[PDB]
$ cat upload.txt   # compact mmCIF, N, CA and C atoms
# COMPACT_ATOMS: atom_id res chain seq x y z
N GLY A 1 82.77 -24.07 -25.64
CA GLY A 1 82.44 -24.98 -26.77
C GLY A 1 82.86 -24.41 -28.11
N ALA A 2 84.04 -23.81 -28.15
CA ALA A 2 84.56 -23.22 -29.38
C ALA A 2 86.07 -23.43 -29.50
N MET A 3 86.57 -24.48 -28.85
CA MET A 3 88.00 -24.78 -28.88
C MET A 3 88.24 -26.29 -28.98
N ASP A 4 88.65 -26.90 -27.87
CA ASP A 4 88.91 -28.34 -27.84
C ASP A 4 88.68 -28.93 -26.44
N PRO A 5 89.28 -28.34 -25.38
CA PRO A 5 89.13 -28.84 -24.01
C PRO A 5 87.67 -29.11 -23.64
N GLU A 6 86.75 -28.44 -24.32
CA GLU A 6 85.33 -28.61 -24.06
C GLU A 6 84.58 -29.00 -25.33
N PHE A 7 85.26 -28.86 -26.47
CA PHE A 7 84.66 -29.19 -27.75
C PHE A 7 84.64 -30.70 -27.97
N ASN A 8 85.80 -31.33 -27.80
CA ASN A 8 85.93 -32.78 -27.96
C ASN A 8 87.30 -33.26 -27.52
N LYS A 9 87.75 -32.78 -26.36
CA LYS A 9 89.06 -33.15 -25.83
C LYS A 9 89.10 -34.63 -25.42
N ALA A 10 89.83 -35.42 -26.20
CA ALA A 10 89.95 -36.84 -25.93
C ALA A 10 90.90 -37.09 -24.75
N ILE A 11 90.35 -37.08 -23.54
CA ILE A 11 91.15 -37.30 -22.34
C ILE A 11 90.94 -38.70 -21.77
N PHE A 12 92.01 -39.50 -21.79
CA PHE A 12 91.96 -40.85 -21.26
C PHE A 12 92.95 -40.99 -20.11
N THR A 13 92.44 -41.11 -18.89
CA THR A 13 93.31 -41.23 -17.72
C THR A 13 93.52 -42.69 -17.34
N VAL A 14 94.79 -43.10 -17.31
CA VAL A 14 95.15 -44.48 -16.98
C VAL A 14 96.39 -44.53 -16.09
N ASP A 15 96.75 -45.73 -15.65
CA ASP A 15 97.93 -45.92 -14.82
C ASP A 15 99.15 -46.17 -15.72
N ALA A 16 100.34 -45.84 -15.24
CA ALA A 16 101.54 -46.02 -16.04
C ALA A 16 102.14 -47.41 -15.86
N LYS A 17 101.85 -48.05 -14.74
CA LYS A 17 102.37 -49.38 -14.50
C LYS A 17 101.74 -50.38 -15.47
N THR A 18 100.44 -50.61 -15.31
CA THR A 18 99.74 -51.57 -16.16
C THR A 18 98.73 -50.93 -17.10
N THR A 19 98.59 -49.61 -17.04
CA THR A 19 97.63 -48.89 -17.88
C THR A 19 96.23 -48.96 -17.27
N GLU A 20 95.32 -49.70 -17.90
CA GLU A 20 93.96 -49.83 -17.39
C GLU A 20 93.33 -48.45 -17.21
N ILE A 21 92.58 -48.01 -18.21
CA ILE A 21 91.95 -46.69 -18.17
C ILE A 21 91.09 -46.50 -16.93
N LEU A 22 91.54 -45.61 -16.05
CA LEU A 22 90.80 -45.31 -14.84
C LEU A 22 89.42 -44.79 -15.20
N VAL A 23 89.38 -43.63 -15.87
CA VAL A 23 88.13 -43.02 -16.30
C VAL A 23 88.33 -42.19 -17.56
N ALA A 24 87.23 -41.83 -18.20
CA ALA A 24 87.28 -41.00 -19.40
C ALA A 24 86.16 -39.97 -19.36
N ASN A 25 86.39 -38.82 -19.98
CA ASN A 25 85.40 -37.75 -19.96
C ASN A 25 84.40 -37.86 -21.11
N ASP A 26 83.40 -36.98 -21.07
CA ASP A 26 82.34 -36.93 -22.07
C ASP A 26 82.85 -36.47 -23.43
N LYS A 27 84.11 -36.08 -23.50
CA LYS A 27 84.70 -35.66 -24.76
C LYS A 27 85.41 -36.84 -25.41
N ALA A 28 86.45 -37.34 -24.74
CA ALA A 28 87.19 -38.50 -25.22
C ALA A 28 86.25 -39.62 -25.62
N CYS A 29 85.33 -39.95 -24.72
CA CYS A 29 84.36 -41.00 -24.98
C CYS A 29 83.61 -40.72 -26.27
N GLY A 30 83.26 -39.45 -26.47
CA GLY A 30 82.56 -39.06 -27.67
C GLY A 30 83.37 -39.37 -28.91
N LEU A 31 84.68 -39.17 -28.80
CA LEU A 31 85.60 -39.44 -29.90
C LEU A 31 85.37 -40.85 -30.45
N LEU A 32 85.46 -41.86 -29.59
CA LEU A 32 85.22 -43.24 -30.03
C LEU A 32 83.76 -43.62 -29.86
N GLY A 33 83.34 -43.83 -28.61
CA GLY A 33 81.97 -44.20 -28.33
C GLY A 33 81.83 -44.91 -27.00
N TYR A 34 82.77 -44.64 -26.10
CA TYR A 34 82.76 -45.25 -24.78
C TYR A 34 82.38 -44.22 -23.72
N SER A 35 83.03 -44.32 -22.56
CA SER A 35 82.81 -43.40 -21.44
C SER A 35 83.52 -43.93 -20.20
N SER A 36 83.62 -43.10 -19.18
CA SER A 36 84.29 -43.49 -17.94
C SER A 36 83.75 -44.82 -17.42
N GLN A 37 82.47 -45.08 -17.65
CA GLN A 37 81.83 -46.31 -17.19
C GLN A 37 81.71 -47.36 -18.30
N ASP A 38 82.12 -47.02 -19.52
CA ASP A 38 82.01 -47.95 -20.64
C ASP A 38 83.37 -48.41 -21.16
N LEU A 39 84.44 -47.75 -20.73
CA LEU A 39 85.78 -48.11 -21.18
C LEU A 39 86.69 -48.42 -19.99
N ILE A 40 86.16 -48.24 -18.79
CA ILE A 40 86.91 -48.50 -17.57
C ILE A 40 87.20 -49.99 -17.42
N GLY A 41 88.37 -50.31 -16.87
CA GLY A 41 88.74 -51.70 -16.67
C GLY A 41 89.55 -52.25 -17.83
N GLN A 42 89.41 -51.63 -19.00
CA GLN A 42 90.14 -52.06 -20.18
C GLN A 42 91.31 -51.13 -20.46
N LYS A 43 91.85 -51.21 -21.68
CA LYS A 43 92.98 -50.37 -22.07
C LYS A 43 92.63 -49.56 -23.31
N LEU A 44 92.86 -48.25 -23.24
CA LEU A 44 92.55 -47.35 -24.34
C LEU A 44 93.06 -47.89 -25.68
N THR A 45 94.29 -48.39 -25.68
CA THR A 45 94.91 -48.93 -26.88
C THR A 45 94.08 -50.01 -27.55
N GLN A 46 93.18 -50.62 -26.79
CA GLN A 46 92.32 -51.66 -27.34
C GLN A 46 91.43 -51.06 -28.41
N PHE A 47 91.19 -49.76 -28.29
CA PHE A 47 90.35 -49.03 -29.22
C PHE A 47 91.17 -48.10 -30.11
N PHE A 48 92.36 -48.56 -30.49
CA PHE A 48 93.26 -47.79 -31.36
C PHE A 48 94.04 -48.72 -32.27
N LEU A 49 94.34 -48.24 -33.48
CA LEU A 49 95.09 -49.00 -34.50
C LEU A 49 95.19 -50.48 -34.16
N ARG A 50 94.27 -51.27 -34.71
CA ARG A 50 94.23 -52.72 -34.47
C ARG A 50 93.95 -53.03 -33.00
N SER A 51 92.79 -53.61 -32.75
CA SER A 51 92.37 -53.95 -31.39
C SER A 51 92.84 -55.34 -30.99
N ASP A 52 93.48 -56.06 -31.91
CA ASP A 52 93.93 -57.42 -31.62
C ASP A 52 95.35 -57.47 -31.05
N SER A 53 96.35 -57.21 -31.89
CA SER A 53 97.75 -57.27 -31.46
C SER A 53 98.29 -55.91 -31.03
N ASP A 54 98.32 -54.97 -31.97
CA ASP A 54 98.85 -53.62 -31.73
C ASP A 54 98.58 -53.10 -30.32
N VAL A 55 97.39 -53.37 -29.79
CA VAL A 55 97.03 -52.90 -28.46
C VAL A 55 97.95 -53.48 -27.38
N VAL A 56 98.21 -54.78 -27.46
CA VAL A 56 99.06 -55.46 -26.49
C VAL A 56 100.54 -55.13 -26.67
N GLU A 57 100.91 -54.62 -27.84
CA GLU A 57 102.32 -54.29 -28.11
C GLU A 57 102.64 -52.86 -27.69
N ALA A 58 101.83 -51.92 -28.14
CA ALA A 58 102.03 -50.51 -27.83
C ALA A 58 101.99 -50.25 -26.32
N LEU A 59 101.33 -51.14 -25.59
CA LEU A 59 101.22 -51.00 -24.13
C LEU A 59 102.49 -51.46 -23.43
N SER A 60 103.46 -51.95 -24.19
CA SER A 60 104.72 -52.42 -23.63
C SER A 60 105.76 -51.29 -23.60
N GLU A 61 106.99 -51.59 -24.03
CA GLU A 61 108.07 -50.60 -24.05
C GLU A 61 107.63 -49.28 -24.66
N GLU A 62 106.51 -49.30 -25.38
CA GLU A 62 105.96 -48.10 -26.02
C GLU A 62 106.73 -47.73 -27.28
N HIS A 63 106.60 -46.47 -27.68
CA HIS A 63 107.26 -45.94 -28.88
C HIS A 63 107.21 -46.94 -30.04
N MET A 64 108.18 -46.87 -30.93
CA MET A 64 108.24 -47.75 -32.10
C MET A 64 108.41 -49.21 -31.69
N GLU A 65 108.71 -49.43 -30.41
CA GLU A 65 108.92 -50.78 -29.87
C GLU A 65 110.26 -51.36 -30.31
N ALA A 66 110.59 -51.16 -31.58
CA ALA A 66 111.84 -51.66 -32.14
C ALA A 66 112.80 -50.51 -32.45
N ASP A 67 112.42 -49.30 -32.06
CA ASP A 67 113.24 -48.12 -32.30
C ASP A 67 113.47 -47.90 -33.79
N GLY A 68 112.68 -47.01 -34.38
CA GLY A 68 112.82 -46.72 -35.80
C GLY A 68 111.89 -47.58 -36.65
N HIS A 69 110.75 -47.94 -36.08
CA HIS A 69 109.77 -48.76 -36.79
C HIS A 69 108.40 -48.10 -36.80
N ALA A 70 107.47 -48.68 -37.54
CA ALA A 70 106.12 -48.15 -37.64
C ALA A 70 105.08 -49.24 -37.42
N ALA A 71 105.50 -50.33 -36.78
CA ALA A 71 104.62 -51.45 -36.50
C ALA A 71 103.62 -51.12 -35.40
N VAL A 72 104.13 -50.86 -34.20
CA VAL A 72 103.28 -50.53 -33.07
C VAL A 72 103.77 -49.28 -32.34
N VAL A 73 103.02 -48.20 -32.48
CA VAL A 73 103.36 -46.94 -31.85
C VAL A 73 102.11 -46.26 -31.28
N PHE A 74 102.24 -45.69 -30.08
CA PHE A 74 101.12 -45.01 -29.44
C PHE A 74 101.61 -43.82 -28.62
N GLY A 75 102.03 -42.78 -29.33
CA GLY A 75 102.52 -41.57 -28.70
C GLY A 75 102.80 -40.51 -29.74
N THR A 76 102.21 -40.72 -30.91
CA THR A 76 102.35 -39.83 -32.05
C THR A 76 101.07 -39.84 -32.88
N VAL A 77 100.95 -38.90 -33.81
CA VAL A 77 99.76 -38.85 -34.65
C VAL A 77 99.67 -40.13 -35.48
N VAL A 78 98.81 -41.05 -35.04
CA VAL A 78 98.63 -42.33 -35.71
C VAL A 78 97.20 -42.55 -36.16
N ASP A 79 96.99 -43.62 -36.92
CA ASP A 79 95.66 -43.97 -37.40
C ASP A 79 94.98 -44.88 -36.39
N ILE A 80 93.96 -44.36 -35.72
CA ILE A 80 93.25 -45.13 -34.70
C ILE A 80 91.93 -45.68 -35.24
N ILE A 81 91.33 -46.58 -34.46
CA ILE A 81 90.06 -47.19 -34.82
C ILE A 81 89.14 -47.25 -33.61
N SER A 82 87.90 -46.81 -33.78
CA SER A 82 86.94 -46.81 -32.68
C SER A 82 86.15 -48.12 -32.62
N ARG A 83 85.40 -48.29 -31.54
CA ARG A 83 84.59 -49.50 -31.34
C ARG A 83 83.75 -49.85 -32.57
N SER A 84 83.35 -48.84 -33.33
CA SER A 84 82.53 -49.06 -34.52
C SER A 84 83.40 -49.17 -35.76
N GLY A 85 84.62 -48.67 -35.66
CA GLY A 85 85.53 -48.71 -36.79
C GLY A 85 85.41 -47.48 -37.65
N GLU A 86 86.40 -46.61 -37.58
CA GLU A 86 86.39 -45.39 -38.35
C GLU A 86 87.75 -45.12 -38.97
N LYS A 87 88.76 -45.85 -38.50
CA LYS A 87 90.14 -45.72 -39.00
C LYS A 87 90.45 -44.28 -39.40
N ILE A 88 90.26 -43.35 -38.47
CA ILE A 88 90.53 -41.95 -38.73
C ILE A 88 91.85 -41.53 -38.08
N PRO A 89 92.73 -40.85 -38.84
CA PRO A 89 94.02 -40.40 -38.33
C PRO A 89 93.87 -39.30 -37.28
N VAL A 90 94.57 -39.47 -36.16
CA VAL A 90 94.52 -38.50 -35.07
C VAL A 90 95.86 -38.40 -34.36
N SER A 91 96.00 -37.41 -33.50
CA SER A 91 97.23 -37.20 -32.74
C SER A 91 97.14 -37.83 -31.36
N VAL A 92 98.14 -38.63 -31.01
CA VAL A 92 98.16 -39.29 -29.71
C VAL A 92 99.44 -38.97 -28.95
N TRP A 93 99.29 -38.56 -27.70
CA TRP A 93 100.44 -38.24 -26.86
C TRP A 93 100.24 -38.74 -25.44
N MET A 94 100.99 -39.77 -25.06
CA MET A 94 100.90 -40.35 -23.73
C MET A 94 102.01 -39.81 -22.83
N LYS A 95 101.65 -39.48 -21.60
CA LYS A 95 102.62 -38.95 -20.64
C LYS A 95 102.12 -39.08 -19.21
N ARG A 96 103.04 -39.35 -18.29
CA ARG A 96 102.70 -39.51 -16.88
C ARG A 96 102.54 -38.14 -16.20
N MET A 97 101.29 -37.79 -15.91
CA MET A 97 100.98 -36.50 -15.28
C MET A 97 100.37 -36.70 -13.90
N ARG A 98 100.27 -37.95 -13.46
CA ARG A 98 99.69 -38.27 -12.16
C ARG A 98 98.25 -37.77 -12.06
N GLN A 99 97.62 -38.01 -10.92
CA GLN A 99 96.24 -37.59 -10.70
C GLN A 99 95.85 -37.70 -9.23
N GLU A 100 96.62 -38.49 -8.49
CA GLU A 100 96.36 -38.69 -7.06
C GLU A 100 97.66 -38.96 -6.31
N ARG A 101 98.14 -40.20 -6.41
CA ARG A 101 99.38 -40.59 -5.74
C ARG A 101 100.13 -41.62 -6.58
N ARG A 102 99.69 -41.79 -7.82
CA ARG A 102 100.31 -42.75 -8.73
C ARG A 102 100.50 -42.13 -10.12
N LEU A 103 101.65 -42.42 -10.73
CA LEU A 103 101.94 -41.91 -12.07
C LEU A 103 100.82 -42.29 -13.03
N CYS A 104 99.99 -41.31 -13.38
CA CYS A 104 98.87 -41.57 -14.27
C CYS A 104 99.23 -41.23 -15.71
N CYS A 105 99.13 -42.22 -16.58
CA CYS A 105 99.42 -42.05 -17.99
C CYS A 105 98.19 -41.48 -18.70
N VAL A 106 98.35 -40.34 -19.36
CA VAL A 106 97.24 -39.70 -20.06
C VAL A 106 97.47 -39.67 -21.57
N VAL A 107 96.41 -39.91 -22.32
CA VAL A 107 96.47 -39.90 -23.78
C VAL A 107 95.41 -38.96 -24.34
N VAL A 108 95.83 -38.03 -25.19
CA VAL A 108 94.90 -37.07 -25.78
C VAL A 108 94.84 -37.22 -27.29
N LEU A 109 93.69 -37.68 -27.78
CA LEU A 109 93.49 -37.87 -29.21
C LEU A 109 92.91 -36.62 -29.86
N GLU A 110 93.63 -36.07 -30.82
CA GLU A 110 93.18 -34.87 -31.52
C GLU A 110 93.05 -35.15 -33.01
N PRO A 111 91.81 -35.09 -33.55
CA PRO A 111 91.57 -35.34 -34.97
C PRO A 111 92.43 -34.44 -35.85
N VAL A 112 93.01 -35.02 -36.90
CA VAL A 112 93.85 -34.26 -37.82
C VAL A 112 93.02 -33.30 -38.66
N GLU A 113 93.50 -32.07 -38.79
CA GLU A 113 92.81 -31.04 -39.57
C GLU A 113 91.38 -30.86 -39.09
N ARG A 114 91.14 -31.16 -37.82
CA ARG A 114 89.81 -31.02 -37.24
C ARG A 114 89.87 -30.36 -35.87
$ encode --input "upload.txt" --output "structure tokens"
Amino acid sequence: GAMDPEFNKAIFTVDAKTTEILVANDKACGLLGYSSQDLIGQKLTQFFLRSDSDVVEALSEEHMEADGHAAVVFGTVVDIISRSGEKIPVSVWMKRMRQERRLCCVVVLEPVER
């Protein structure tokens, strides 16, 4: 409890095909305000930079979406928003690291200067 992996490691495990957050730990959940049983079935992006459109866009081709844009991005230090709304800038990095037998997309949110 003096680093990050146990301090407040925002770990969101999802599928790479359609996403859908499989489960989340007591750290990541703490970051926003969900949990493996409170955010499951939905998409992490729903609780990041605009829960209306941006979520459905960033979940597509990913990256800038338009290559060289700042409209919808979810794989870099961006400004996210929690269920309660905090619009706090954090670092986001999505990558397929698997977890069982399917390419599992993982996202780790790290508070800036925190």
$ closest_residue --input "upload.txt" --among "A:100, A:110, A:86, A:38" --to "residue A:8" --atoms "only C-alpha atoms"
A:110
$ atom_distance --input "upload.txt" --atom1 "atom CA of residue A:47" --atom2 "atom CA of residue A:82"
5.3 Å
$ residues_around --input "upload.txt" --residues "residue A:51" --least-positions-apart "6" --cutoff "12 Å" --atoms "only C-alpha atoms" --output "ChimeraX atom specification"
/A:42-45,57-59,72,80-85,87
$ write_last_selection --input "upload.txt" --atoms "N, CA and C atoms" --output "mmCIF file, keeping the file's coordinate frame"
data_model
loop_
_atom_site.group_PDB
_atom_site.id
_atom_site.type_symbol
_atom_site.label_atom_id
_atom_site.label_comp_id
_atom_site.auth_asym_id
_atom_site.auth_seq_id
_atom_site.Cartn_x
_atom_site.Cartn_y
_atom_site.Cartn_z
ATOM 1 N N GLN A 42 89.410 -51.630 -19.000
ATOM 2 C CA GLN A 42 90.140 -52.060 -20.180
ATOM 3 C C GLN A 42 91.310 -51.130 -20.460
ATOM 4 N N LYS A 43 91.850 -51.210 -21.680
ATOM 5 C CA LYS A 43 92.980 -50.370 -22.070
ATOM 6 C C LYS A 43 92.630 -49.560 -23.310
ATOM 7 N N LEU A 44 92.860 -48.250 -23.240
ATOM 8 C CA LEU A 44 92.550 -47.350 -24.340
ATOM 9 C C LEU A 44 93.060 -47.890 -25.680
ATOM 10 N N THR A 45 94.290 -48.390 -25.680
ATOM 11 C CA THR A 45 94.910 -48.930 -26.880
ATOM 12 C C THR A 45 94.080 -50.010 -27.550
ATOM 13 N N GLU A 57 100.910 -54.620 -27.840
ATOM 14 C CA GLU A 57 102.320 -54.290 -28.110
ATOM 15 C C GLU A 57 102.640 -52.860 -27.690
ATOM 16 N N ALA A 58 101.830 -51.920 -28.140
ATOM 17 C CA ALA A 58 102.030 -50.510 -27.830
ATOM 18 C C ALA A 58 101.990 -50.250 -26.320
ATOM 19 N N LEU A 59 101.330 -51.140 -25.590
ATOM 20 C CA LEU A 59 101.220 -51.000 -24.130
ATOM 21 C C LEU A 59 102.490 -51.460 -23.430
ATOM 22 N N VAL A 72 104.130 -50.860 -34.200
ATOM 23 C CA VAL A 72 103.280 -50.530 -33.070
ATOM 24 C C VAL A 72 103.770 -49.280 -32.340
ATOM 25 N N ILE A 80 93.960 -44.360 -35.720
ATOM 26 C CA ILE A 80 93.250 -45.130 -34.700
ATOM 27 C C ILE A 80 91.930 -45.680 -35.240
ATOM 28 N N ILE A 81 91.330 -46.580 -34.460
ATOM 29 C CA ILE A 81 90.060 -47.190 -34.820
ATOM 30 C C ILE A 81 89.140 -47.250 -33.610
ATOM 31 N N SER A 82 87.900 -46.810 -33.780
ATOM 32 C CA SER A 82 86.940 -46.810 -32.680
ATOM 33 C C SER A 82 86.150 -48.120 -32.620
ATOM 34 N N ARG A 83 85.400 -48.290 -31.540
ATOM 35 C CA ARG A 83 84.590 -49.500 -31.340
ATOM 36 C C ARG A 83 83.750 -49.850 -32.570
ATOM 37 N N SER A 84 83.350 -48.840 -33.330
ATOM 38 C CA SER A 84 82.530 -49.060 -34.520
ATOM 39 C C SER A 84 83.400 -49.170 -35.760
ATOM 40 N N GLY A 85 84.620 -48.670 -35.660
ATOM 41 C CA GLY A 85 85.530 -48.710 -36.790
ATOM 42 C C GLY A 85 85.410 -47.480 -37.650
ATOM 43 N N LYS A 87 88.760 -45.850 -38.500
ATOM 44 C CA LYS A 87 90.140 -45.720 -39.000
ATOM 45 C C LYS A 87 90.450 -44.280 -39.400
#
$ atom_distance --input "upload.txt" --atom1 "atom N of residue A:15" --atom2 "atom CA of residue A:75"
14.9 Å
$ closest_residue --input "upload.txt" --among "A:49, A:22, A:94, A:10" --to "residue A:78" --atoms "all atoms listed in the file"
A:49
$ residues_near_point --input "upload.txt" --point "(100.0, -38.3, -25.8)" --cutoff "5 Å" --atoms "all atoms listed in the file" --output "PyMOL selection string"
chain A and resi 92-95+107-108
$ select_by_dssp --input "upload.txt" --residues "chain A" --states "strand (DSSP E or B)" --output "JSON, numbers by chain"
{"A": [10, 11, 12, 13, 14, 15, 21, 22, 23, 24, 78, 79, 80, 88, 89, 90, 91, 94, 95, 96, 104, 105, 106, 107, 108, 109, 110, 111]}
$ write_last_selection --input "upload.txt" --atoms "N, CA and C atoms" --output "compact mmCIF listing (two decimals), in the coordinates of the input"
# COMPACT_ATOMS: atom_id res chain seq x y z
N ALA A 10 89.83 -35.42 -26.20
CA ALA A 10 89.95 -36.84 -25.93
C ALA A 10 90.90 -37.09 -24.75
N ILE A 11 90.35 -37.08 -23.54
CA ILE A 11 91.15 -37.30 -22.34
C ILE A 11 90.94 -38.70 -21.77
N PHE A 12 92.01 -39.50 -21.79
CA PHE A 12 91.96 -40.85 -21.26
C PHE A 12 92.95 -40.99 -20.11
N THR A 13 92.44 -41.11 -18.89
CA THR A 13 93.31 -41.23 -17.72
C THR A 13 93.52 -42.69 -17.34
N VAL A 14 94.79 -43.10 -17.31
CA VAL A 14 95.15 -44.48 -16.98
C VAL A 14 96.39 -44.53 -16.09
N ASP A 15 96.75 -45.73 -15.65
CA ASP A 15 97.93 -45.92 -14.82
C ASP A 15 99.15 -46.17 -15.72
N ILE A 21 92.58 -48.01 -18.21
CA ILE A 21 91.95 -46.69 -18.17
C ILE A 21 91.09 -46.50 -16.93
N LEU A 22 91.54 -45.61 -16.05
CA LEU A 22 90.80 -45.31 -14.84
C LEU A 22 89.42 -44.79 -15.20
N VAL A 23 89.38 -43.63 -15.87
CA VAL A 23 88.13 -43.02 -16.30
C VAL A 23 88.33 -42.19 -17.56
N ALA A 24 87.23 -41.83 -18.20
CA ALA A 24 87.28 -41.00 -19.40
C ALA A 24 86.16 -39.97 -19.36
N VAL A 78 98.81 -41.05 -35.04
CA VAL A 78 98.63 -42.33 -35.71
C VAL A 78 97.20 -42.55 -36.16
N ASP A 79 96.99 -43.62 -36.92
CA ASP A 79 95.66 -43.97 -37.40
C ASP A 79 94.98 -44.88 -36.39
N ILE A 80 93.96 -44.36 -35.72
CA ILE A 80 93.25 -45.13 -34.70
C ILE A 80 91.93 -45.68 -35.24
N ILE A 88 90.26 -43.35 -38.47
CA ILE A 88 90.53 -41.95 -38.73
C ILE A 88 91.85 -41.53 -38.08
N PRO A 89 92.73 -40.85 -38.84
CA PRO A 89 94.02 -40.40 -38.33
C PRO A 89 93.87 -39.30 -37.28
N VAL A 90 94.57 -39.47 -36.16
CA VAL A 90 94.52 -38.50 -35.07
C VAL A 90 95.86 -38.40 -34.36
N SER A 91 96.00 -37.41 -33.50
CA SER A 91 97.23 -37.20 -32.74
C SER A 91 97.14 -37.83 -31.36
N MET A 94 100.99 -39.77 -25.06
CA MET A 94 100.90 -40.35 -23.73
C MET A 94 102.01 -39.81 -22.83
N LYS A 95 101.65 -39.48 -21.60
CA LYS A 95 102.62 -38.95 -20.64
C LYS A 95 102.12 -39.08 -19.21
N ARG A 96 103.04 -39.35 -18.29
CA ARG A 96 102.70 -39.51 -16.88
C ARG A 96 102.54 -38.14 -16.20
N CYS A 104 99.99 -41.31 -13.38
CA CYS A 104 98.87 -41.57 -14.27
C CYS A 104 99.23 -41.23 -15.71
N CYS A 105 99.13 -42.22 -16.58
CA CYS A 105 99.42 -42.05 -17.99
C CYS A 105 98.19 -41.48 -18.70
N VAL A 106 98.35 -40.34 -19.36
CA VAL A 106 97.24 -39.70 -20.06
C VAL A 106 97.47 -39.67 -21.57
N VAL A 107 96.41 -39.91 -22.32
CA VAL A 107 96.47 -39.90 -23.78
C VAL A 107 95.41 -38.96 -24.34
N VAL A 108 95.83 -38.03 -25.19
CA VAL A 108 94.90 -37.07 -25.78
C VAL A 108 94.84 -37.22 -27.29
N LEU A 109 93.69 -37.68 -27.78
CA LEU A 109 93.49 -37.87 -29.21
C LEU A 109 92.91 -36.62 -29.86
N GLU A 110 93.63 -36.07 -30.82
CA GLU A 110 93.18 -34.87 -31.52
C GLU A 110 93.05 -35.15 -33.01
N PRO A 111 91.81 -35.09 -33.55
CA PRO A 111 91.57 -35.34 -34.97
C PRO A 111 92.43 -34.44 -35.85
$ atom_distance --input "upload.txt" --atom1 "atom N of residue A:106" --atom2 "atom C of residue A:19"
9.1 Å
$ residues_around --input "upload.txt" --residues "residue A:34" --least-positions-apart "5" --cutoff "8 Å" --atoms "all atoms listed in the file" --output "number ranges by chain"
A: 24-26, 28-29, 39-40, 83
$ select_by_dssp --input "upload.txt" --residues "stretch 19-113 of chain A" --states "helix (DSSP H, G or I)" --output "PDB file with N, CA and C atoms, in the coordinates of the input"
ATOM      1  N   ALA A  28      86.450 -37.340 -24.740  1.00  0.00           N
ATOM      2  CA  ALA A  28      87.190 -38.500 -25.220  1.00  0.00           C
ATOM      3  C   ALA A  28      86.250 -39.620 -25.620  1.00  0.00           C
ATOM      4  N   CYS A  29      85.330 -39.950 -24.720  1.00  0.00           N
ATOM      5  CA  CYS A  29      84.360 -41.000 -24.980  1.00  0.00           C
ATOM      6  C   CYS A  29      83.610 -40.720 -26.270  1.00  0.00           C
ATOM      7  N   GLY A  30      83.260 -39.450 -26.470  1.00  0.00           N
ATOM      8  CA  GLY A  30      82.560 -39.060 -27.670  1.00  0.00           C
ATOM      9  C   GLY A  30      83.370 -39.370 -28.910  1.00  0.00           C
ATOM     10  N   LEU A  31      84.680 -39.170 -28.800  1.00  0.00           N
ATOM     11  CA  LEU A  31      85.600 -39.440 -29.900  1.00  0.00           C
ATOM     12  C   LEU A  31      85.370 -40.850 -30.450  1.00  0.00           C
ATOM     13  N   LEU A  32      85.460 -41.860 -29.590  1.00  0.00           N
ATOM     14  CA  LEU A  32      85.220 -43.240 -30.030  1.00  0.00           C
ATOM     15  C   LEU A  32      83.760 -43.620 -29.860  1.00  0.00           C
ATOM     16  N   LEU A  44      92.860 -48.250 -23.240  1.00  0.00           N
ATOM     17  CA  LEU A  44      92.550 -47.350 -24.340  1.00  0.00           C
ATOM     18  C   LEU A  44      93.060 -47.890 -25.680  1.00  0.00           C
ATOM     19  N   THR A  45      94.290 -48.390 -25.680  1.00  0.00           N
ATOM     20  CA  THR A  45      94.910 -48.930 -26.880  1.00  0.00           C
ATOM     21  C   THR A  45      94.080 -50.010 -27.550  1.00  0.00           C
ATOM     22  N   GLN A  46      93.180 -50.620 -26.790  1.00  0.00           N
ATOM     23  CA  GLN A  46      92.320 -51.660 -27.340  1.00  0.00           C
ATOM     24  C   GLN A  46      91.430 -51.060 -28.410  1.00  0.00           C
ATOM     25  N   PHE A  47      91.190 -49.760 -28.290  1.00  0.00           N
ATOM     26  CA  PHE A  47      90.350 -49.030 -29.220  1.00  0.00           C
ATOM     27  C   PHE A  47      91.170 -48.100 -30.110  1.00  0.00           C
ATOM     28  N   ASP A  54      98.320 -54.970 -31.970  1.00  0.00           N
ATOM     29  CA  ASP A  54      98.850 -53.620 -31.730  1.00  0.00           C
ATOM     30  C   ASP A  54      98.580 -53.100 -30.320  1.00  0.00           C
ATOM     31  N   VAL A  55      97.390 -53.370 -29.790  1.00  0.00           N
ATOM     32  CA  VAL A  55      97.030 -52.900 -28.460  1.00  0.00           C
ATOM     33  C   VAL A  55      97.950 -53.480 -27.380  1.00  0.00           C
ATOM     34  N   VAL A  56      98.210 -54.780 -27.460  1.00  0.00           N
ATOM     35  CA  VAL A  56      99.060 -55.460 -26.490  1.00  0.00           C
ATOM     36  C   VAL A  56     100.540 -55.130 -26.670  1.00  0.00           C
ATOM     37  N   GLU A  57     100.910 -54.620 -27.840  1.00  0.00           N
ATOM     38  CA  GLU A  57     102.320 -54.290 -28.110  1.00  0.00           C
ATOM     39  C   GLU A  57     102.640 -52.860 -27.690  1.00  0.00           C
ATOM     40  N   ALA A  58     101.830 -51.920 -28.140  1.00  0.00           N
ATOM     41  CA  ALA A  58     102.030 -50.510 -27.830  1.00  0.00           C
ATOM     42  C   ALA A  58     101.990 -50.250 -26.320  1.00  0.00           C
TER      43      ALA A  58
END
$ residues_around --input "upload.txt" --residues "residue A:73" --least-positions-apart "5" --cutoff "6.5 Å" --atoms "only N, CA and C atoms" --output "list in words"
residues 58, 62, 63, 64 and 65 of chain A
$ closest_residue --input "upload.txt" --among "A:32, A:99, A:76, A:16" --to "residue A:60" --atoms "only C-alpha atoms"
A:16
$ residues_around --input "upload.txt" --residues "residue A:6" --least-positions-apart "4" --cutoff "7 Å" --atoms "all atoms listed in the file" --output "list in words"
residues 1, 2 and 27 of chain A
$ closest_residue --input "upload.txt" --among "A:31, A:69, A:98, A:46" --to "residue A:14" --atoms "only C-alpha atoms"
A:98
$ closest_residue --input "upload.txt" --among "A:56, A:105, A:70, A:23" --to "residue A:36" --atoms "all atoms listed in the file"
A:23
